[PDB]
Amino acid sequence: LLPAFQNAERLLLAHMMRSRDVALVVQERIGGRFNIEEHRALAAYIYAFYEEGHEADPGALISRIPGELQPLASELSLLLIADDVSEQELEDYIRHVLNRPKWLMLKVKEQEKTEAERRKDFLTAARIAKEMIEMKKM
Amino acid sequence: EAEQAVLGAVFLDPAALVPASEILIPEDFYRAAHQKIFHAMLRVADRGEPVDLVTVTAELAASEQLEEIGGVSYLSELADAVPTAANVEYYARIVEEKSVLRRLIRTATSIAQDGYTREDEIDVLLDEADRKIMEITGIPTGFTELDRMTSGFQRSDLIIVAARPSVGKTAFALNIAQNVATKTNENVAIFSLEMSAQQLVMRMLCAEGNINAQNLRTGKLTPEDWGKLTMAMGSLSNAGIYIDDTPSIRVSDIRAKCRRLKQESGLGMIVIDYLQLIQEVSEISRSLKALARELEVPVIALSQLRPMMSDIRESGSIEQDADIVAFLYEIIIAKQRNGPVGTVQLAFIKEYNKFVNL
Amino acid sequence: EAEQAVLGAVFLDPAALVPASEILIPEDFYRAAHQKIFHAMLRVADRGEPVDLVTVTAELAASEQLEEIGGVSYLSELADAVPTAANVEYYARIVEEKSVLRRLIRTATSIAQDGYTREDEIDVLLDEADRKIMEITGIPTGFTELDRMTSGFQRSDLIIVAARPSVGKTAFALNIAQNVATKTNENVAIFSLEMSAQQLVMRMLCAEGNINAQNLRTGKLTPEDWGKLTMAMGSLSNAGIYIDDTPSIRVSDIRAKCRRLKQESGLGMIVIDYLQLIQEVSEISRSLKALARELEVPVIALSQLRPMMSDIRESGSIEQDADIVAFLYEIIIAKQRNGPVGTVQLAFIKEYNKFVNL
């Protein structure tokens, strides 16, 4: 089913689907920097369509947006987006996003802890974990 | 999905329950698997501790029933995914809202069936179905030294004044209403719990008339009394005088038949007779506050059992219910949501039933 | 699910064995892979020697134990859990609450058979079969004197006072918290449940102003106490003490109410109503000891009694996790989790509610 990455990346787009200071300080935190393959393909018409000098709202911002990136663009906005944007929803999403390719080296180091493993090396690899343990904090 | 995302953002803060425990309870939850998670939480939060995840995966087995919510397959999720920390509200008021509908829908088939199996109640049936939803400036007083520290006696407060065995209790209530009927023209319906309507007539044929020794408990009149009543029973209908006479009535046959007197002429200060009669009190002394504020009525109640203020906290709610606490003890108004603790000194005419001013 | 998590924290300290060597022994193992792991942990810290992750892992490779647990994969997953830290103990108790049981329970299986096997005995079959079962630093207390022995009331403690029925301790628990909000700065939370908000206002002025030999109840004193007063309530605004009486709010509620102020002021002290009117005590009173440790507030969570220690330590805790416990008759701090456990020479005028020293 859906892990964390299918429930953090979507409505932040639907928070800023509306007004400005919401949408403003986002690309500066997300260059990007967009995790999922096509979660960048829409981000060509997310920023470059107030760049032009728009005004607000997901009236025209529900599907423009091309074709195959529509069966989510509609189903992005629908849900609880209390536009009193939480100051404690802040550091989250963008840290959730940006330290995923930071954390992504753990589906890596565990795997060179367990590669020298079966081939007969274990307790210096029982030091790789001490490396692994610490960046699980962020 | 209102249930699904209030029980996951917790293993993050670490402690965040204050609004989730006062704006919610577990009874709001639906799933035969989501409901009991929440107090298991309270149970855990009853120590406690500071809060985390592992306290769950052990205390439900300590509540022996961990074979009835999850396991390491399902317990891993709740903290893992949730990328929000200011949730609760939220959400939880929707867990309230998608649980509020049926504070009026489960009630239905426990109220709406009664039209074809009960009745077997009737007047009663039309009363608890009501229970099953709920969950100088100035207007004067009458007396000079009682309009003193109040000036109301206003359309949003319950007013209380009471005496002891043989001190003349309604004998005093008359004169908080007599003025506000005959002279100061406002319509008042004396729903007298004590006295009837073929007995209430005399005590103010005797008041502003002085004919309570003749005796006027019987008979006819003199060459000095033939017409002391041309303006005593001549002044007894040109007033807010439409008495209710019946004994120990519940709050029901009072509100409805009074409410409507608003749009024909008006309504002022409802002054009644002793309280321990209306039956029985924790709901009843609670069912006259909205009688004063919604219907906008300066209700003036009376009661009968040294006495003092504990004698109505040991015996009765009364204190915050009727918040302008006057006495027929001289008069005590130690409590009043109109002033502090003041005093006077008083005596009677005694025979004509006219309580006088000093 | 303790065992899966428990070792994870023990790892990175290097002193998560100080209470853990006390709790779990080489018998405390429901599991089979875990029993020898800890013995490879215990062999280390006996010089000792030093303490880290690996000092155990290559120790296990040596004396006959590495695949026994399924490789280092789960030896890693001994660590991978503890989504918490602020608990403290805590935690290893879950394993001890998987433990204590069978030292009092596995010891009742032989007996269930020592009647058809041990047929054949009877009395000695009792003498043994029952035996097994068991197994200024440092904020002052207001004084300039109580400032050099221990000092504070520093930053976190549990305090429970017990003197003769409703005396000067009633005053003192709060006379600890006087010279903190007005005469320096720090706003101190003094909440109540017995003596109301409208019950703790006239008598602080009795305690402050050279005004109490009168008294102050009549409204107007003598021609001197109004020339000498501006001490009692003038700087009360620019201070930081206010009074409540939410009838008797439970051990979690105030615990969850001292979060409005902990964000707002920092929360300095919590002078509570005797922890006995709040809602056999080694249980109920163990929800205000730890609130001091996280909230970082001196918490005066009290009692209502001669004075003696294991006498308030009677039906409940008190001689245990509970910190400093003084004894009013002279302040007999014959117990203070503070270091210098000792009595301070004092007195009382009772004339102007002001207490004395020597």
# chains A, B, ... in the order shown; residues from 1 in each chain; ligands from 1
>>> residues_around(residues="residue 218 in chain C", least_positions_apart="5", cutoff="12 Å", atoms="only C-alpha atoms", output="list in words")
residues 341 of chain B; 202 and 212 of chain C
>>> residues_around(residues="residue 114 in chain A", least_positions_apart="3", cutoff="12 Å", atoms="only C-alpha atoms", output="list in words")
residues 106, 107, 108, 109, 110, 111, 117, 118, 119, 120, 121, 122, 123, 124, 125, 126, 127, 128 and 129 of chain A; 71, 72, 73 and 76 of chain C
>>> residues_around(residues="residue 232 in chain C", least_positions_apart="2", cutoff="6 Å", atoms="only C-alpha atoms", output="list in words")
residues 205, 208, 209 and 230 of chain C
>>> write_last_selection(atoms="C-alpha atoms", output="PDB file, in the first residue's frame")
ATOM      1  CA  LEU C 205      -2.642  41.239  53.213  1.00  0.00           C
ATOM      2  CA  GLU C 208       1.607  41.627  54.352  1.00  0.00           C
ATOM      3  CA  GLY C 209       1.317  45.276  55.501  1.00  0.00           C
ATOM      4  CA  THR C 230       0.992  49.801  50.118  1.00  0.00           C
TER       5      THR C 230
END
>>> residues_around(residues="range 2-5 of chain C", least_positions_apart="3", cutoff="10 Å", atoms="only C-alpha atoms", output="list in words")
residues 54, 55, 57 and 58 of chain B; 8, 9, 10, 29, 30, 31, 34, 74, 75, 77, 78, 79, 80, 81, 82, 83, 91, 92, 93, 94, 95, 96, 97 and 98 of chain C
>>> select_by_dssp(residues="range 85-234 of chain C", states="strand (DSSP E)", output="list in words")
residues 157, 158, 189 and 190 of chain C
>>> interface_residues(of="chain C", to="chain B", cutoff="7 Å", atoms="only C-alpha atoms", output="CSV table (one decimal) with N, CA, C and O atoms, in the first residue's frame")
chain,number,residue,atom,x,y,z
C,1,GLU,N,7.1,-7.6,23.5
C,1,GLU,CA,7.8,-6.7,22.5
C,1,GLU,C,8.9,-5.8,23.2
C,1,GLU,O,9.4,-4.9,22.6
C,83,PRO,N,11.8,4.4,20.0
C,83,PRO,CA,11.4,5.7,19.4
C,83,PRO,C,11.2,6.8,20.4
C,83,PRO,O,10.4,7.6,20.2
C,84,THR,N,12.1,6.7,21.4
C,84,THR,CA,11.9,7.5,22.7
C,84,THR,C,13.2,7.6,23.4
C,84,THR,O,14.2,6.9,23.1
C,86,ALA,N,12.9,10.0,26.8
C,86,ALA,CA,12.5,10.7,28.0
C,86,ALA,C,11.8,9.9,29.1
C,86,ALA,O,11.5,10.4,30.2
C,87,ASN,N,11.6,8.6,28.8
C,87,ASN,CA,11.1,7.6,29.8
C,87,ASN,C,12.0,7.6,30.9
C,87,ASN,O,11.7,8.1,32.0
C,252,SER,N,-4.0,13.9,36.2
C,252,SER,CA,-3.6,14.1,34.8
C,252,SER,C,-4.0,15.5,34.3
C,252,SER,O,-3.3,16.0,33.4
C,256,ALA,N,-1.8,18.2,33.0
C,256,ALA,CA,-2.0,18.7,31.6
C,256,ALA,C,-2.5,20.2,31.5
C,256,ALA,O,-2.7,20.7,30.4
C,287,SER,N,2.0,10.3,39.8
C,287,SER,CA,1.7,11.0,38.6
C,287,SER,C,1.9,12.5,38.8
C,287,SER,O,1.3,13.3,38.1
>>> calpha_fit_rmsd(fixed="chain B", moving="chain C")
14.7 Å
>>> atom_distance(atom1="CA of residue 298 in chain C", atom2="CA of residue 152 in chain C")
8.9 Å
>>> residues_around(residues="residue 99 in chain A", least_positions_apart="2", cutoff="12 Å", atoms="only C-alpha atoms", output="list in words")
residues 29, 30, 33, 34, 35, 91, 92, 93, 94, 95, 96, 97, 101, 102, 103, 104, 105, 106, 135, 136, 137 and 138 of chain A
>>> atom_distance(atom1="CA of residue 348 in chain B", atom2="CA of residue 138 in chain B")
27.4 Å
>>> interface_residues(of="chain A", to="chain B", cutoff="6 Å", atoms="only C-alpha atoms", output="ChimeraX atom specification")
/A:3-4,88-89
>>> residues_around(residues="residue 161 in chain C", least_positions_apart="6", cutoff="7 Å", atoms="only C-alpha atoms", output="short mmCIF file (atom, residue, chain, number, x, y, z; two decimals) with N, CA, C and O atoms, in the first residue's frame")
data_model
loop_
_atom_site.label_atom_id
_atom_site.label_comp_id
_atom_site.auth_asym_id
_atom_site.auth_seq_id
_atom_site.Cartn_x
_atom_site.Cartn_y
_atom_site.Cartn_z
N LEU C 302 0.85 17.87 47.79
CA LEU C 302 0.94 17.73 49.25
C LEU C 302 0.11 16.63 49.93
O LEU C 302 -0.33 15.68 49.29
N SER C 303 -0.06 16.78 51.25
CA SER C 303 -0.83 15.85 52.07
C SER C 303 -1.54 16.59 53.21
O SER C 303 -1.35 17.79 53.40
N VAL C 325 10.85 15.32 51.96
CA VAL C 325 9.63 15.31 52.79
C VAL C 325 9.90 15.86 54.21
O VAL C 325 10.41 15.14 55.07
N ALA C 326 9.55 17.13 54.43
CA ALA C 326 9.78 17.82 55.72
C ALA C 326 8.70 17.50 56.77
O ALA C 326 7.72 16.81 56.46
N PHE C 327 8.86 18.01 57.99
CA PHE C 327 7.95 17.69 59.11
C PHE C 327 7.65 18.85 60.07
O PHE C 327 8.39 19.08 61.03
#
>>> residues_around(residues="residue 65 in chain A", least_positions_apart="3", cutoff="7 Å", atoms="only C-alpha atoms", output="tab-separated table (two decimals) with N, CA and C atoms, in the first residue's frame")
chain	number	residue	atom	x	y	z
A	42	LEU	N	4.90	17.67	-13.29
A	42	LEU	CA	3.88	18.70	-13.06
A	42	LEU	C	4.48	20.00	-12.56
A	45	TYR	N	4.62	23.21	-14.52
A	45	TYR	CA	3.44	24.06	-14.67
A	45	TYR	C	2.86	24.44	-13.29
A	69	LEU	N	-1.00	13.23	-16.34
A	69	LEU	CA	-0.74	13.85	-15.05
A	69	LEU	C	-2.00	14.56	-14.54
A	70	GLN	N	-3.15	14.15	-15.09
A	70	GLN	CA	-4.47	14.65	-14.69
A	70	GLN	C	-5.21	13.75	-13.68
>>> closest_residue(among="A:115, A:75, A:87, A:68", to="residue 38 in chain A", atoms="only C-alpha atoms")
A:68
